[PDB]
Amino acid sequence: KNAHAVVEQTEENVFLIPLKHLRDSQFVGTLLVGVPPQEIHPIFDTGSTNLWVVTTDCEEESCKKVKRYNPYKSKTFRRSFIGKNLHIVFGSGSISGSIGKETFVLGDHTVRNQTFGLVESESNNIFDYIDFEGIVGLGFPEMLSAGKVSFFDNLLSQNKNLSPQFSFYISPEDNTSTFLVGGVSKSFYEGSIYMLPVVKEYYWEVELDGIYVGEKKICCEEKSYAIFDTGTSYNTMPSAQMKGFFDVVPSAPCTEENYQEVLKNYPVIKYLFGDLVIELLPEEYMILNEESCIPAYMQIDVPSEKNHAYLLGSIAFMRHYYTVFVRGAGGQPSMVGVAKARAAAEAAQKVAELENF
Ligand SMILES: *[C@@H]1O[C@H](CO)[C@@H](O[C@@H]2O[C@H](CO)[C@@H](O[C@@H]3O[C@H](CO)[C@@H](O)[C@H](O)[C@@H]3O)[C@H](O)[C@H]2NC(C)=O)[C@H](O)[C@H]1NC(C)=O
Ligand SMILES: CCC1(CC)CC(=O)N([C@@H]2CCOc3ccc(C(=O)N[C@H]4CC(C)(C)Oc5ccccc54)cc32)C(=N)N1
C-alpha cells in the first residue's frame, strides 16, 4: 500500500550498459575481467545468479571460437587453496567449471573479491548455436551455487552511489537496448510504472492470477506465478497449458511484407496480475522465423513452484514493457515494476531511481 516515487539522480549513480543484439539472439554487454583487463561480452540473466566467464581452461570447439578469458594473464585472479567444482544443468545445455575470485569492471564501476565460475566445459547443445562468453546472473543470492556474495550485491557494497535496483530496455531493431544499474530512465517508458511484489526471493517471481487468449481462460485453476527471466527470449507455460495454447495459436507463413495482414485476426493475450492487466498483441508475441510467423513461446516446467510458474522473456515480453527490478530488504519485499516501453527512445537523456516511501 505504501508507494514508490521516481526521483532524479545524478548521471553517475545510474550507469548504462549498451546491449548488442547478436544474430545468435544473445543480448550481450561488455564486462572487464582482471588486470590488465580482459573483455568479455556476457548476457545479463535475471533467471540465475552465478557469474560465469568462459576461460582458456575450456578447449572445446564451442569455447575456442570466442574470446576466452585467460586467468593466467590476470594479476588479480585468485583461487582458494581448496577448490570447488561447479556443474549446472538446464534444459538446453550444461556448464561446468571451477570457482575463483577476480576483480571486475562493469560500467566503469569496480568490484573486487568477486566469486565467479570459470567455464571449463560446455558439453552435455545451445552453445553450438551461440557465441557464448559469459553470464552476469541477477537473481537472488539464494540461487548462488558458490560464494557468499552475489555479483550485484557485491557491486552495491563497494559502490555506495548505486541503489539496489536495475532495469532493462529491450529494443533490438534499434540498437538502443540498455541494461541500467542503479535506477531507471524516463526516456525508456511512458505512462506509469506499476509495482508487483516478489513472493519468493529466488527467481524474480510474482503472483499470476490469470491468462486469457482471446476469450479462452488458459490460467488459472491452481495458484500460479510469473517469473521475469531475461535469460529466455521466449515466454513459457507449463506443459499442461502449453499444448492448449499452441492448439489455439497456430503458426503461419509470413514475410516482412505481409505479416501485418497475416496476423490481423490473431487473439490478444492478457496476463492478470491482481488489478493490473498486461496484454500482448499478435505482432508482439509472434515472431518472424524462417518464412514463418511463430509464437515466441516454449514449454518449461519449473520444478520449484510446482509447475505453476510462467516465464516472461526478453523478446516476447520485455520488448513491449520496460521492467524495473527493485531489491527488497528486511520487512520490505523486493518488487518488479512494469511500464509500457517508449518506442521513440534514443539515448537515456536523464536518469532516476525508485525510492520507497
Ligand atoms: C578483498 O578481500 C580481502 C581479504 O579478506 C580484504 O582484505 C582485508 O581487508 C580488511 C579490511 O580492510 C583487513 O582488516 C585488517 O586486519 C588487521 C589484522 O590483520 C586489523 O588489525 C586492521 O585494523 C584491519 O581491519 C584485512 O587485513 C585484509 N586482509 C588481507 C589478507 O589483506 C579486502 O578488504 C577485500 N577488498 C574489498 C574491496 O572489499
Ligand atoms: C542462461 C541459461 C541459464 C543459466 C545457466 C539457465 C536457464 O535455463 N535459464 C532459463 C530458465 C527457464 O528455462 C530456460 C530455457 C532455455 C533457456 C535458454 O536456452 N537460454 C538461451 C538464451 C540465449 C540464446 C539468448 O542465450 C543463452 C546463453 C546461454 C545459455 C542459454 C541461452 C534459458 C532458460 C536461465 N534463465 N539461465
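Residues numbered from 1 in each chain as written, not as in the entry; some residues may be left out. Chains lettered and ligands numbered in written order. Heavy atoms only, no water. Residues with missing side-chain atoms left out of burial classes, pairs and counts.

The PDB entry lists the protein chain under the name Plasmepsin X, with Plasmodium vivax given as the organism. In its PDB record the entry is named "Crystal structure of Plasmepsin X from Plasmodium vivax in complex with WM382". Quoted verbatim from the Sequence similarities (unreviewed entry) heading of the UniProt record, the comment on the protein chain is "Belongs to the peptidase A1 family." (UniProt positions renumbered as here; feature names shortened; annotations may be inferred.)

A word on the nonpolar core
Among the nonpolar cores identified, the biggest contains 73 residues, and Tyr-271 and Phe-273 are the most heavily contacted of them. Two domains each put at least three residues into this core: domain 1 (4–178) and domain 2 (179–356). Those residues within four positions of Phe-273 in sequence are excluded, and the remaining contacts are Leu-196, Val-206, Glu-207, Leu-208, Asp-209, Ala-226, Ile-278 and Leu-312. Counting residues in each nonpolar core, the second largest holds 17 residues, with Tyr-189, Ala-345, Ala-348 and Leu-354 among its members. (Core = buried A, V, L, I, M, F, W, Y, C linked by side-chain atoms within 4.5 Å. Buried < 20%, exposed > 50% of the residue type's maximum accessible area, 1.4 Å probe, protein only. Domains from an automatic or database assignment. Contact = heavy atoms within 4.5 Å.)

Structural notes on the packing of aromatic side chains
In the structure shown here, the tally under the stated rule is 25 aromatic pairs. Pairing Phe-90 with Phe-127 gives two aromatic rings, centres 6.2 Å apart and planes at 80°, and the pair type is edge-to-face. For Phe-90, a relative accessible area of 32% gives the class partly exposed. When its relative accessible area of 3% is taken as the criterion, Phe-127 is described as buried. Pairing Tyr-189 with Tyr-322 gives two aromatic rings, centres 5.7 Å apart and planes at 10°, and the pair type is stacked. In this pair, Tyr-189 is assigned in strand β15 (residues 189–201) and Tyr-322 in strand β28 (residues 321–326), connecting sequence segments 133 residues apart. The buried category is assigned to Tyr-189, whose relative accessible area is 6%. Site record: aromatic cluster; members linked through ring pairs are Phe-44, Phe-140, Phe-152, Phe-166, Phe-168, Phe-179, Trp-204 and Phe-325. (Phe/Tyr/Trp six-rings, centres within 6.5 Å; stacked < 30°, edge-to-face > 60°. Helix = DSSP H or I, 4+ residues; strand = E, 2+ residues; numbered from the N terminus.)

Here's the deal with the domain arrangement of the protein chain
As a measure of interface size, the accessible area lost when the parts come together is often cited. Partitioning the protein chain into structural domains gives domain 1 (4–178) and domain 2 (179–356). Each side of the interface is counted separately: domain 1 has 42 residues, and domain 2 has 47 residues. Mapped onto the side of domain 1 that touches domain 2, the elements with two or more residues apiece are β1 (4–9), β2 (15–18), β7 (43–45), α2 (151–157) and β13 (165–169). Class assignment of the residues belonging to the side of domain 1 that touches domain 2 gives a composition of 23 nonpolar, 13 polar and 6 charged. (Nonpolar A, V, L, I, M, F, W, Y, C, P; charged D, E, K, R; others polar.)

What to know about the side chain of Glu-102
Among the secondary structure elements, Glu-102 is positioned in strand β10 (residues 93–106). Comment: no salt bridge for buried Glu-102; closest opposite-charge side chain is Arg-78, at 7.0 Å. For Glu-102, the side chain forms a polar contact with the side chain of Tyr-69, separated by 2.7 Å. Excluding anything up to four places from it in sequence, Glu-102 contacts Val-33, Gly-34, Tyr-69, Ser-74, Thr-76, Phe-77, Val-111, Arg-112, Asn-113, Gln-114 and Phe-116. (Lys, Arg positive; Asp, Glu negative; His and termini not counted. Salt bridge = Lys/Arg side-chain N within 4 Å of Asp/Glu carboxyl O. Polar contact = N/O pair within 3.5 Å; in protein donor to acceptor, adjacent residues only side chain to side chain.)

Concerning the sheet that holds strand β22 (residues 269–273)
The 4 strands are arranged β18-β17-β22-β23 in an open sheet whose pairing can be described as antiparallel. In this open sheet, the two strands that pair with only one neighbour each are β18 (216–219) and β23 (276–280). Pairwise comparison of adjacent strand axes, ignoring direction, gives a mean angle of 25° for this sheet. Examined bridge by bridge, strand β17 (residues 210–213) and β18 share 3 bridges and lie antiparallel to one another. (Pairing = 2+ DSSP bridges. Axes fitted to C-alpha atoms, helices over the stretch in contact; angles between N-to-C directions.)

Quick notes on unusual backbone geometry
At the junction of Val-35 and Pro-36, the peptide bond is cis and its omega measures out at -5° in the coordinates. Of note, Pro-36 is situated in the loop between β5 (31–33) and β6 (38–40). Geometrically, the link from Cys-219 to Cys-220 is a cis peptide bond, its omega value of 20° lying close to zero. Relative to the helices and strands, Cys-220 resides in the loop between β18 and β19 (224–228).

Quick look at the side chain of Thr-103
The residue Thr-103 is located in strand β10 in this model. Given the relative accessible area of 11%, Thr-103 is considered buried. Apart from residues no more than four positions distant in its own chain, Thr-103 is found in contact with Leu-32, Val-33, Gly-34, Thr-76, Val-111 and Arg-112.

Details of the site of ligand 2
In the vicinity of ligand 2, 16 residues are found, and the nearest of them are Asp-45, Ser-92, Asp-229, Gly-231 and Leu-311. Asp-45 is positioned such that a nitrogen or oxygen atom in its side chain is 2.7 Å from a nitrogen atom of ligand 2. In the model, a nitrogen atom of ligand 2 is placed 2.9 Å from a nitrogen or oxygen of the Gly-231 main chain. Of the residues that constitute the shell around ligand 2, the class distribution is 8 nonpolar, 6 polar and 2 charged. Both domains that furnish three or more residues to the shell around ligand 2 are identified here as domain 1 (4–178) and domain 2 (179–356). (Near = heavy atom within 4 Å.)

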